[PDB]
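A.B. asks:
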Amino acid sequence: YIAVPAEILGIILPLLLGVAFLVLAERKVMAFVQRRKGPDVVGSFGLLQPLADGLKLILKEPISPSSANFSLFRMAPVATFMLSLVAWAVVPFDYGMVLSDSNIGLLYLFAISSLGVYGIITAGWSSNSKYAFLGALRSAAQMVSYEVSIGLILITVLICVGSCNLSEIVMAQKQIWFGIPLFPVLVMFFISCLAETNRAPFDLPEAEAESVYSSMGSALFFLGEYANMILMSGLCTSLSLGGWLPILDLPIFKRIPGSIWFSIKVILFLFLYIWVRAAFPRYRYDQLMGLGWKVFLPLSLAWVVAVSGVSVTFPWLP
Amino acid sequence: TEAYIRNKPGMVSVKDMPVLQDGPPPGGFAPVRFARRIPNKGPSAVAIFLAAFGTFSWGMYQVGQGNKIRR
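Residue numbers (the entry's author numbering), protein chains in the order written: chain 1M, 2 to 213, 220 to 325; chain AM, 2 to 72.
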């Protein structure tokens with residue numbers, strides 16, 4: 002009865018710690034890329050930087066908005082936050098080390114992504130000015146296009162292995178990582194995850210909003232974005248790179264707790280996010296949506312067809 | 002107002018008076034490079050394509066054997 006709230010707290014709080022240190026490590030590693038050090042004064046190694054920024058944003062004198070000042074403005078950031086976390090519900094960190102074995106996990110993740118789209122659009126429109134509304138529409142369209150691409154990719158990885166709950170998928174990978182044969186599929190899925198949260202090369206919506220509001224509201228919004236980032240990284244490494252499985256299967260690796268492997272893979276993908284951020288200019292909006300509807304949809308569909316074909320001719324399909 | 006200021010020591014005439022020590026050493030320091038040069042030595046076309054296709058086929062065979070075991 003009381004164990005469940007304990008598990009939920011133990012899932013929520015460490016995620017917030019990790020996402021604060023995520024934005025910290027983001028600044029640090031982009032700095033190191035650009036031939037400079039990051040924040041290195043406050044902490045012993047800059048470790049006390051996110052805590053200091055949080056305390057500053059707390060003591061900062063707030064400013065309540067003047068646009069539907071209740072039940073529509075002080076709710077939508079909480080909506081996107083709740084959506085990101087409830088997505089974080091069903092993710093396997095080890096054998097049985099999950100919160101809920103929802104036997105249709107993949108559909109669940111896809112639905113939650115769409116609901117995040119709802120979160121961002123209502124948070125955009127809840128404001129007063131209209132340019133924020135146009136930006137919200139742009140972000141919604143981008144997010145939903147790359148969601149349909151993500152959907153087709155999920156269908157591929159699902160064809161490769163019968164069931165849907167993620168533990169079964171990671172066993173299927175326990176034979177051999179699906180990232181190996183479907184490497185282009187992994188690349189496409191990663192680009193779609195990049196476009197899904199607007200991070201590295203696709204930023205013109207946010208860039209324009211910065212080119213043309221509550222402190223805690225903006226903090227909650229950025230928190231939701233980066234949490235969704237960690238989630239996308241996590242499911243990418245949970246269904247295309249192995250998910251707590253040692254490499255080369257030698258009984259010296261089997262001393263590592265398994266959970267460590269999942270953390271190593273997700274930290275590698277986070278580092279790849281931050282790395283591909285600081286190497287490339289940004290697309291426009293036209294070219295962005297054009298690539299979404301011309302380059303990734305047909306490729307993903309063709310890949311579904313091809314993998315189904317290759318796995319239906321030989322008795323290789325469980 | 003220049004003779005001894007510039008150099009007093011031992012010259013007989015105003016010529017060959019000073020020692021300057023201003024510019025470069027004899028030789029121009031080097032011939033330097035200015036043209037771009039970016040070598041292209043990565044596996045060009047067929048290497049990478051065969052790598053992709055072969056690893057895909059072999060990964061599918063491995064997926065087959067693994068699903069056999071799991072069944």
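Cβ atoms here follow ideal geometry from the backbone N, Cα and C, with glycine treated the same way.
Which residues in chain 1M have a C-beta closer than 9 angstroms to the C-beta of residue 22 (chain AM)? List them in chain order.
C.D. replies: Translated into positions along the second sequence, residue 22 (chain AM) becomes position 21. Those within 9 angstroms of residue 22 (chain AM) in chain 1M number zero; the least Cβ separation is about 37 angstroms.
A.B. asks: Are the C-beta of residue 172 (chain 1M) and some C-beta of chain AM separated by less than 8 angstroms?
C.D. replies: Position 171 of the first sequence, counting from 1, holds the residue named residue 172 (chain 1M). Judged by the 8 angstroms Cβ criterion, residue 172 (chain 1M) is in contact with chain AM.
A.B. asks: Terminal residues of the continuous alpha helix (DSSP H) containing residue 353 (chain 1M)?
C.D. replies: Residue 353 (chain 1M) cannot be examined here, being either before or after the span of chain 1M that is shown, 2 to 325.
A.B. asks: Alpha carbon to alpha carbon, how far is residue 28 (chain 1M) from residue 318 (chain 1M)?
C.D. replies: Residue mapping note: residue 28 (chain 1M) aligns to position 27 of the first sequence, counting from 1. Residue mapping note: residue 318 (chain 1M) aligns to position 311 of the first sequence, counting from 1. When rounded, the distance between both Cα atoms is 44 angstroms.
A.B. asks: Starting from residue 235 (chain 1M), trace the alpha helix (DSSP H) both ways and give me its first and last residue.
C.D. replies: As a first step, residue 235 (chain 1M) is located in the first sequence; it is residue number 228 there, counting from the start. 222-246 is the extent of the alpha helix (DSSP H) around residue 235 (chain 1M).
A.B. asks: Ends of the alpha helix (DSSP H) at residue 194 (chain 1M)?
C.D. replies: Here the question's residue 194 (chain 1M) lines up with position 193 in the first sequence. Note, residue 194 (chain 1M): alpha helix (DSSP H), 184-197.
A.B. asks: Could you check if residue 260 (chain 1M) is buried or exposed, using at least 16 other CB atoms within 10 Å of its CB as the buried criterion?
C.D. replies: Taking the first sequence and counting its residues from 1, one reaches residue 260 (chain 1M) at position 253. Classification of residue 260 (chain 1M): exposed, given that the 10 Å Cβ count is below 16.
A.B. asks: If we cut at 8 angstroms on Cβ distances, does residue 46 (chain AM) have a partner in chain 1M?
C.D. replies: Translated into the one-based positions of the second sequence, residue 46 (chain AM) becomes position 45. Cβ-Cβ to chain 1M under 8 angstroms: no for residue 46 (chain AM).
A.B. asks: Does residue 11 (chain AM) come within less than 8 angstroms of chain 1M when only Cβ atoms are used?
C.D. replies: The sequence position of residue 11 (chain AM) within the second sequence is 10, counting from 1. Not an interface residue.
A.B. asks: Out of curiosity, what's the CA-to-CA distance linking residue 185 (chain 1M) and residue 151 (chain 1M)?
C.D. replies: On the first sequence, residue 185 (chain 1M) is found 184 positions in, with the first residue counted as 1. On the first sequence, residue 151 (chain 1M) is found 150 positions in, with the first residue counted as 1. When rounded, the distance between both Cα atoms is 13 angstroms.
A.B. asks: Between 276 (chain 1M), 251 (chain 1M) and 273 (chain 1M), which lies nearest to residue 264 (chain 1M) when the distance is taken from Cα to Cα?
C.D. replies: For this step, residue 264 (chain 1M) is matched to residue 257 along the first sequence. Answer by Cα proximity: 251 (chain 1M).
A.B. asks: So the candidates are 80 (chain 1M), 177 (chain 1M) and 200 (chain 1M); which of them puts its Cα closest to the Cα of residue 281 (chain 1M)?
C.D. replies: On the first sequence, residue 281 (chain 1M) is found 274 positions in, with the first residue counted as 1. Among 80 (chain 1M), 177 (chain 1M) and 200 (chain 1M), the Cα nearest to that of residue 281 (chain 1M) belongs to 200 (chain 1M).
A.B. asks: List the endpoints of the continuous alpha helix (DSSP H) containing residue 51 (chain 1M).
C.D. replies: Numbered from 1 along the first sequence, position 50 holds the residue referred to as residue 51 (chain 1M). Unbroken alpha helix (DSSP H) run through residue 51 (chain 1M): 50-60.
A.B. asks: Give the interface partners of residue 53 (chain AM) over in chain 1M, defined as CB-CB distance under 9 angstroms, in chain order.
C.D. replies: Here residue 53 (chain AM) refers to the residue found at position 52 when the second sequence is read from its first residue. Residues of chain 1M passing the Cβ test: 184 and 185.
A.B. asks: Just to make sure I have the definition right: I need the residues of chain AM whose C-beta is within less than 8 angstroms of the C-beta of residue 315 (chain 1M). Which are they?
C.D. replies: Within the first sequence, numbered from 1, the residue matching residue 315 (chain 1M) stands at position 308. Simply none; closest approach about 11 angstroms.
A.B. asks: Closest Cβ-Cβ distance between residue 165 (chain 1M) and chain AM: below 8 angstroms?
C.D. replies: For this step, residue 165 (chain 1M) is matched to residue 164 along the first sequence. For residue 165 (chain 1M), the answer is no, since every Cβ of chain AM falls outside 8 angstroms of its Cβ.
A.B. asks: Can you pull the chain 1M neighbours of residue 70 (chain AM), defined as C-beta to C-beta under 9 angstroms?
C.D. replies: The residue given as residue 70 (chain AM) occupies position 69 in the second sequence. Here the neighbours are 176.
A.B. asks: Just curious, the alpha helix (DSSP H) that residue 59 (chain AM) is in, first and last residue?
C.D. replies: Here the question's residue 59 (chain AM) lines up with position 58 in the second sequence. Residues 47-71.
A.B. asks: What residue range is occupied by the uninterrupted alpha helix (DSSP H) comprising residue 7 (chain AM)?
C.D. replies: As a position in the second sequence, residue 7 (chain AM) is number 6, starting the count at 1. Here the alpha helix (DSSP H) through residue 7 (chain AM) covers 4-8.
A.B. asks: Residue 55 (chain AM) to residue 284 (chain 1M), Cα distance in whole Å?
C.D. replies: Residue mapping note: residue 55 (chain AM) aligns to position 54 of the second sequence, counting from 1. Residue mapping note: residue 284 (chain 1M) aligns to position 277 of the first sequence, counting from 1. Computed Cα separation, rounded: 31 angstroms.
A.B. asks: For residue 43 (chain AM), would you say it is in contact with chain 1M, using Cβ-to-Cβ distances shorter than 8 angstroms as the test?
C.D. replies: One-based indexing of the second sequence puts residue 43 (chain AM) at position 42. Not one chain 1M Cβ lies under 8 angstroms of residue 43 (chain AM).
A.B. asks: Find out if the Cβ-Cβ distance for the pair residue 214 (chain 1M), residue 246 (chain 1M) is shorter than 8 angstroms.
C.D. replies: Here chain 1M is numbered 213 followed immediately by 220, so the structure offers no position for residue 214 (chain 1M).
A.B. asks: Go ahead and label residue 198 (chain 1M) buried or exposed: buried means 16 or more other beta carbons lie within 10 angstroms of its beta carbon, across all protein chains shown.
C.D. replies: Start at 1 with the first residue of the first sequence, and residue 198 (chain 1M) comes out as number 197. Counting Cβ neighbours within 10 Å, residue 198 (chain 1M) comes out buried, since at least 16 surround it.
A.B. asks: Would you mind working out which of 97 (chain 1M), 79 (chain 1M), 135 (chain 1M) and 206 (chain 1M) sits nearest residue 230 (chain 1M), comparing C-alpha positions?
C.D. replies: Indexing the first sequence from 1 puts residue 230 (chain 1M) at position 223. Comparing Cα positions, the closest option is 79 (chain 1M).
A.B. asks: Is it true that the segment 134-145 of chain 1M meets the segment 22-40 of chain AM, where meeting means three or more beta-carbon pairs spaced less than 8 angstroms apart?
C.D. replies: No, because fewer than three Cβ pairs between the segment 134-145 of chain 1M and the segment 22-40 of chain AM fall closer than 8 angstroms, the two stretches do not touch.
A.B. asks: Rounded to the nearest angstrom, what separates residue 94 (chain 1M) and residue 63 (chain AM) at their Cα positions?
C.D. replies: Looking up residue 94 (chain 1M) in the first sequence gives position 93. Looking up residue 63 (chain AM) in the second sequence gives position 62. Looking at the two C-alpha atoms, the distance is approximately 25 angstroms.
A.B. asks: Roughly how many angstroms lie between the CA atoms of residue 59 (chain AM) and residue 193 (chain 1M), to the nearest whole one?
C.D. replies: Along the second sequence, one-based indexing puts residue 59 (chain AM) at 58. Along the first sequence, one-based indexing puts residue 193 (chain 1M) at 192. Distance between the alpha carbons of residue 59 (chain AM) and residue 193 (chain 1M): 26 angstroms.
A.B. asks: Residue 278 (chain 1M) to residue 290 (chain 1M), Cα distance in whole Å?
C.D. replies: Indexing the first sequence from 1 puts residue 278 (chain 1M) at position 271. Indexing the first sequence from 1 puts residue 290 (chain 1M) at position 283. In a straight line, the C-alpha of residue 278 (chain 1M) is about 21 angstroms away from that of residue 290 (chain 1M).
A.B. asks: Ends of the alpha helix (DSSP H) at residue 22 (chain 1M)?
C.D. replies: Counted from its first residue, the first sequence places residue 22 (chain 1M) at position 21. It spans 4-34 - the alpha helix (DSSP H) in which residue 22 (chain 1M) sits, taken as one unbroken run.
A.B. asks: Could you give the DSSP three-state label for residue 71 (chain 1M): helix, strand or coil?
C.D. replies: Looking up residue 71 (chain 1M) in the first sequence gives position 70. Coil, per DSSP.
A.B. asks: Give me the residue from 188 (chain 1M), 163 (chain 1M), 276 (chain 1M) and 256 (chain 1M) with the minimum Cα distance to residue 323 (chain 1M).
C.D. replies: Start at 1 with the first residue of the first sequence, and residue 323 (chain 1M) comes out as number 316. For residue 323 (chain 1M), the nearest C-alpha among the options comes from 163 (chain 1M).
A.B. asks: Among residues of its own chain, excluding the 5 on either side of residue 168 (chain 1M), which ones have a beta-carbon nearer than 6 angstroms to its beta-carbon?
C.D. replies: Position 167 of the first sequence holds residue 168 (chain 1M). The residues are 93.
A.B. asks: Counting Cβ pairs closer than 8 angstroms, one from the segment 73-90 of chain 1M and one from the segment 114-126 of chain 1M, do we hit at least three?
C.D. replies: Verdict: yes, contact present.
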